[PDB]
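Engineer: Quick check, what structure comes out for this input:
(chains A, B, C, D, E and F)
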Amino acid sequence: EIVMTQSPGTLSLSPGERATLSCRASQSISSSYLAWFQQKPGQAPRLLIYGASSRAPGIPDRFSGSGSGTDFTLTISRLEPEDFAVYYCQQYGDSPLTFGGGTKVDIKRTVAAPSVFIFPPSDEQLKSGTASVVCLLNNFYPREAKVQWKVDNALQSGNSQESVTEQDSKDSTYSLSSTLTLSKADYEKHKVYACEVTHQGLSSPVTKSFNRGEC
Amino acid sequence: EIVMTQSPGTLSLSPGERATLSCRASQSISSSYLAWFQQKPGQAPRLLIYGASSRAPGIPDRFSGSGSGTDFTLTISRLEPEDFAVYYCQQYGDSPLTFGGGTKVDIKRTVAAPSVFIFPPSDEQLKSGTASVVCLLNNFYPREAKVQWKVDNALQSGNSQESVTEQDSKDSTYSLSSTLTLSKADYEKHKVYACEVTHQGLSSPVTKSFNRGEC
Amino acid sequence: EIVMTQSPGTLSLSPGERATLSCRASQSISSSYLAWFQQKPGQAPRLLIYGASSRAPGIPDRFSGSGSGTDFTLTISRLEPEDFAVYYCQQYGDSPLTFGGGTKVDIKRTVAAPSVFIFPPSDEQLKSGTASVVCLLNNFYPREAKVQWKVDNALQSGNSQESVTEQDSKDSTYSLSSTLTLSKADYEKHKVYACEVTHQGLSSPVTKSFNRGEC
Amino acid sequence: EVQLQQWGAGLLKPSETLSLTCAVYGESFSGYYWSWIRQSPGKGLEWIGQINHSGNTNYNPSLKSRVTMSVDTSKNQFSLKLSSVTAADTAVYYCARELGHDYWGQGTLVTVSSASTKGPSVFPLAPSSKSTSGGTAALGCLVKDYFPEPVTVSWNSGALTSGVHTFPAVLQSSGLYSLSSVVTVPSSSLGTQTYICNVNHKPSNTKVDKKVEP
Amino acid sequence: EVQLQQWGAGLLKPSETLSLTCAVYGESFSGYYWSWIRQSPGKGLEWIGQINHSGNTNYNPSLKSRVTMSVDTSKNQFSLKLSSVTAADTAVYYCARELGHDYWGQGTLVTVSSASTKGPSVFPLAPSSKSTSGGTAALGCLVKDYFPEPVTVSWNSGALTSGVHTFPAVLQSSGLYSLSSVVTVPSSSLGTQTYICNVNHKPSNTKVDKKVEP
Amino acid sequence: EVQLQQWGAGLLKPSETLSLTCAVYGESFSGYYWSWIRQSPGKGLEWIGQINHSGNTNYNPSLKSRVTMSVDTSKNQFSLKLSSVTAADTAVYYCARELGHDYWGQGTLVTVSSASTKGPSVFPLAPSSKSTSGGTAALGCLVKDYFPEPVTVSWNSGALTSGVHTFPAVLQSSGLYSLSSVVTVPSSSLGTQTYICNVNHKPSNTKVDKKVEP
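Structural biologist: Numbers count the residues shown, from 1 in each chain, chains lettered A, B, ... in the order given. Coordinates below:
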């Protein structure tokens, strides 16, 4: 069981640069049997490099493999637009075929600022038995973002969950929405609600708060 | 398995009139554990009386229960407009819970006259392969309407179905339509079609008919 | 397993004209136990003749059957509009019930001429990797219609499939469309595309080709 | 207080297994009994059974060999499994508290019938000379042969609101439903304005705008 | 006058089992033989087997080792179980009396194919100058790949319904159907009025409207 | 150039047995090893095992006590049977060659969960005063508590497409998913136009047209 480990999975490079990928293995791979796969969204993986140095037939020359022993590298000279996918490294010198963790490359653009919006639970939802409070972040490039909910000026942890959208096909920006699933009694027993958002696009974090009972 | 029986369900009383209902059980209810339920259309039932004598919290004092042993009664002092529903009585002093048959109370007004209309079958239905004859009644208050289809001066029974309209929210009247479906051979072999409408609002029963061959 | 065969594949006679059918069997039926079924499109088969000579109840006297031994004929005196369907014949005098191959009857009219239309592959589907070439015929009465695809003044067969629409209910004609599939390089290097049509509407066959690169 | 939410298979076919679920919100789940109550047309309310957090069950002796109840304490949910449903199981199912004294569910209309989904066939209901009593008439458009329960009949895109009378659906001896909708209008207005009844059927995804022809 | 209503899975995959059930309403169910009859395209009607209330079965010698009927006298139902269905079992199944003389079923289409549901793709087809013989031409968009059979192609949301020919679907080797629809319109009307071939794939919920012009 | 095709049961319940089949077309089938590869979110690609035409099997040591495979040389098919599936086996399953270097399958998403089909309950998302940031707003309609994964959300029957952000579904601790869909519009557009989101869900046949009220 050779555990393959790769570079951080959030590698970001604008089109037209050089991409370096690492697949530091657990032990010395026999005869340098390491393969580099590529998986576009919604499809099956495809070979690019076999033997850690030779490219598969039908693969362009932008993909160059190298490395030996327990340290391997896949190099893309010019990042073409249809090359931002997830790359896996597979070792086939040992009996159990082991794939790497996989790292993905995404388009790099200028830093933006999220458009923060918060919403109160609806009356029908409130009478359904639970109250959901959601605040949204719109059109921010750096995927890293933290949302901290404040209920009655208190920190709430674990009582929330968030989802993100994929990279936009027009301006290459993300969007985040975090929901505060709260019971009816707990929602009605508190006064103020707010979520704190931290991003490198804003030096001073912005907190948007609403008070239950008025619109 | 205590079988529960109630008063006739067609109890019609004018607004602002005392209402009484019966819940004659099959045996002796233990400790007077008998409850009264009210179910407005489209909603789940709710309690009015628990213990056959004490009203549940949150219900106006217009609902009063009585009786003990085997025969139980429910009394309404004032018939508010939001009280015309179906009332069920439930016992909870035995192993299986049993509910009553349910009695409904509706608005009592003056007697009306059924506006009778007749519609012959259409040609596209005939070319489809079936013939249905429908005669309709409009704006008659009492529930009873023995509309009997008379064809070829003969007696026809069971080859017809009827529909009854619910309470009207403006003037509280009914509307009953009965359909006389027949085969093509029977439709074209018969000469006269009629439904004998009978009502207590008209002293002398009347009949309207049509004959195939003229328009 | 008496194999049951019907000789007229597609009978075509004008309305109000006598029609005769054949149900030549492979063996001798036991006691003339052969029936005739009628299947209107979208419905279940229905009996017309039982015992090869007698009519089923409710069947109009326009249907007549005859024949014994290994030859059975079904005769329709008058071709009413509600008579153009598929007719099956069934036997009983053997352990497995066997149905005929099925023959259909349609309305007869004058011979029409196919309007040949030719279309080139679109750029989007060429990008997708499929080069589909289709030629169509519009409003031709006779069922027979042959499509002989020629590529670069050569003969190619087996790479195309034909689709035929059901008879129009207004002009009683047919429309045929044949699809020719091609590869990438094969379409790229080939120059001239055409399909050949042979029909009795025109004594001299007509051909209309196109060339890729100009419109 | 508690809020009960119900979900389950509405349409069924004979000899299948009914499966309904109810979710408990608001107050604690453990420490009570949760009931299933059935309301069938013609008959009255019927108590099916009970179950608690430990799996202890009480069953009505009538529906004893077909009823099976399970509980999920982790997600605060309890379920009903009625096996080999026949056409007599068409009813409305409720989930409630111990005896239904405090809180009930909403209701899940369950129907058991062997009939494929079909679309309505609306026919004009022409006003006969007998029905045209001078100043009073009666239009309408009969709807026949549709299996699923829901159906809605409009009139001139909702313009006609006064005088409509939508009769309840009636199940004939064929496994299908038939509904009639009528409206009363003056005889003179018949030839002036066009009355179109917009009938639609969600399960069959149809929207017919058939016109009534005298 | 019996009513024969049947239900079953209308879609299947290879190496699976086919289950159908037919329900008998009206007259007596015992003292009779109930048959299953299959109608396949290309071939003709085929008799599969028989069964009565006591479980006595008759079989077609061809479909002898894969066919098994069962009976449920309690609810007046009989069933068919075809094992290891392949692509050659795509047909329409009927339930009838012993010989299929008095009353038949309704018709349950069953298709066997190893293909997942896919959204249709519309490819515009420009009308060539050669096609345009002055004022007569043909438009259309060629739907290429879609697994489930039902699909509708309409022009101008039903405004253009004259001259439209809808060709039957063609099963491609990949397992995906293909459909082509064309319309014959005057060139002047084509220039003045744009036309859209609206599609509505119910299984995939894809509503793609593409307009193609010279 | 083989064309591997996959099929199998998508939804599954805990403690059941997963069963998938991969059909091989194209070139020769014998004299080769056929692999099953499992890809799961959070984890990475995982190799399950191999099988050849002779029945010889290689198994991953981790998934060794639950994996059973069979090959059908008669119809060029091999199958996988993962036994006692838990909630952690929700993944995408592929079939490929022995090393997955030449030709792969298409993928068969398999989700293991214990929940009955439920219809979504869409809720409005009112744009507050803070949402009206002068020239931008933030609308939406939260879609909550539906079990089957595929739910499609539109806006104004597809009229509005710019700014729509349908976030991925999230599995909460009740067995049911939750989805959100939002759009940004100018305040004048709010005051001069009506917006409805057409949430639909095929496994329950429930489509709603909730309108967001400011």
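Engineer: Now residue D:27: closest residue in space that isn't a chain neighbour?
Structural biologist: residue D:2 (4.8 Å; CB to CB, 6 or more residues apart in numbering or on different chains). For every residue, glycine as well, the C-beta is placed using N, CA and C.
Engineer: quick one: secondary structure of residue 182?
Structural biologist: Since no chain was named, I'll use chain A. Following DSSP: H, G, I helix; E, B strand; the rest coil, we place residue A:182 in the strand state.
Engineer: Chain D, not that one
Structural biologist: Here residue D:182 is recorded as strand under three-state DSSP.
Engineer: which ones are touching it?
Structural biologist: Neighbouring residues of residue D:182 by CB atoms under 8 Å, 6 or more residues apart in numbering or on different chains: B:136, B:175, B:177, D:125, D:138, D:139, D:140, D:164, D:165, D:167.
Engineer: quick one: which of those is nearest to residue A:157?
Structural biologist: Closest approach to residue A:157 among these (CB to CB): residue D:164, at 56.5 Å.
Engineer: need the helices for chain A, in chain order.
Structural biologist: Along chain A, the segments classed as helices by DSSP state H run A:123-128, A:184-188.
Engineer: could I get these as TSV with mean neighbour count and distance to residue D:61?
Structural biologist: Converted to TSV, these look like this (neighbours: other CB atoms under 10 Å in any protein chain shown; distance: least, CB to CB, whole Å):
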stretch	mean neighbour count	distance to residue D:61
helix A:123-128	15	36
helix A:184-188	15	38
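Engineer: among those, which is nearest residue C:194?
Structural biologist: Using CB to CB and comparing those, the one that lies nearest residue C:194 is helix A:123-128, at 64.6 Å.
Engineer: And that closest one, how far out from the chain middle?
Structural biologist: The chain centroid and the centroid of helix A:123-128 are separated by 33 Å under CA atoms, centre = their mean, to the nearest Å.
Engineer: Identify all contacting residues around it.
Structural biologist: A:131, A:132, A:184, A:187, D:3, D:5, F:121, F:123, F:124, F:142, F:144.
Engineer: So which of those residues is surrounded by the most neighbours?
Structural biologist: Among the contacts of helix A:123-128, residue F:142 has the most neighbours (other CB atoms under 10 Å in any protein chain shown), with 25 neighbours.
Engineer: Bridge partners for that one, pull those for me.
Structural biologist: Here residue F:142 sits in beta bridges with residue F:123, going by DSSP bridges.
Engineer: Please tell me how far the residue of chain A found nearest chain B sits from residue A:187.
Structural biologist: For chain A, the residue closest to chain B is residue A:127, as judged by CB to the nearest CB, at 14.3 Å. Here residue A:127 is placed at a distance of 12 Å from residue A:187 (CB to CB, to the nearest Å).
Engineer: State the number of residues packed around residue D:207.
Structural biologist: By other CB under 10 Å, neighbour count at residue D:207 equals 9.
Engineer: Give me the spatial nearest neighbour of it, chain neighbours excluded.
Structural biologist: Leaving aside its sequence neighbours, residue D:207 sits nearest to residue D:200 (CB to CB, 6+ apart; 4.6 Å).
Engineer: what kind of secondary structure is that neighbour in?
Structural biologist: Per three-state DSSP, residue D:200 ends up strand.
Engineer: in what helix or strand does the residue located most distally from the centre of chain D lie?
Structural biologist: In terms of distance from the mean C-alpha position of chain D, residue D:134 ranks first, at 39.0 Å (CA atoms, centre = their mean). For residue D:134, there is no enclosing helix or strand under DSSP states H and E.
Engineer: OK, contacts around it?
Structural biologist: Per CB under 8 Å, 6+ apart, neighbours of residue D:134: residue D:187.
Engineer: wait, doesn't residue A:7 sit right on residue A:19?
Structural biologist: No. Taking contacts as CB atoms under 8 Å, residue A:7 lies outside contact range of residue A:19: 10.1 Å.
Engineer: neighbour-wise, which of these two wins?
Structural biologist: The neighbour comparison of residue A:7 against residue A:19 (other CB under 10 Å) goes to residue A:19, with 19 against 16.
Engineer: Please check which residues sit opposite the residue lying closest to the more buried one once chain neighbours are set aside as beta-bridge partners.
Structural biologist: Nearest residue to residue A:19, sequence neighbours excluded (CB to CB, 6+ apart): residue A:76, at 4.1 Å. Bridge pairing for residue A:76 (DSSP bridges) gives the partners residue A:19, residue A:63.
Engineer: Now the residue in chain D that chain F sits nearest to: closest residue in space that isn't a chain neighbour?
Structural biologist: In chain D, the residue that lies nearest chain F is residue D:7 (4.2 Å; CB to the nearest CB). Closest residue to residue D:7 apart from its sequence neighbours, by CB to CB, 6+ apart: residue F:118 at 4.2 Å.
Engineer: Residue of chain A nearest chain C, please.
Structural biologist: Chain C sits closest to residue A:82 of chain A, with a gap of 13.4 Å, by CB to the nearest CB.
Engineer: how many neighbours does that residue have?
Structural biologist: Using other CB under 10 Å, residue A:82 has 7 other residues around it.
Engineer: Roughly how far does it sit from chain F?
Structural biologist: Distance, residue A:82 to chain F, by CB to the nearest CB, to the nearest Å: 19 Å.
Engineer: who touches the closest residue to chain E within chain A in this structure?
Structural biologist: Using CB to the nearest CB, residue A:42 is the residue of chain A that sits closest to chain E, at 12.3 Å. Residue A:42 makes contact with no residue under the criterion CB under 8 Å, 6+ apart.
Engineer: and chain D, which of its residues are near chain B?
Structural biologist: Within chain D, the positions lying close to chain B (CB under 8 Å from any CB of the partner chain) are D:44-47, D:60-61, D:94, D:96, D:99-102, D:104-107, D:121, D:123-131, D:136, D:138, D:140, D:142, D:144, D:165, D:167-168, D:170, D:172, D:178, D:180, D:182, D:184.
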